[PDB]
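Each remark here refers to the structure printed beneath this line.
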């Protein structure tokens, strides 16, 4: 492991560490909810 | 070391092993010796 590090360097092994996992995903399929809140904000704040 | 191997593969660490060492070098600076043996071989074997 010392020899492998000697060739590749310090940053390469540390940055190659895994990140992605299947449980952290977030899905936004709602327009219906966000469109309603979007309109009332316009309606109340109307100036121009 | 298992994670590092997982990324890079099996062949990469094995082929990257060191080879060169300063003590195995071989120097041929002699023409004077090799030219003499070269001529006598011609002289004896002359046909054409």
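Protein chains in written order, with the authors' numbering: chain E, 2029 to 2076; chain A, 2029 to 2076. Every residue gets a Cβ at the ideal spot worked out from N, C-alpha and C, and that includes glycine.
- In the three-state DSSP reduction, residue 2062 of chain A falls in the helix class (H, G or I).
- Per DSSP, residue 2042 of chain A is one residue of the alpha helix (DSSP H) stretching across 2039 to 2043.
- Listed along chain A are 2044, each with a C-beta nearer than 7 angstroms to that of residue 2035 of chain E.
- In the DSSP annotation of this structure, the continuous segment of the alpha helix (DSSP H) that includes residue 2032 of chain E starts and ends at 2030 to 2036.
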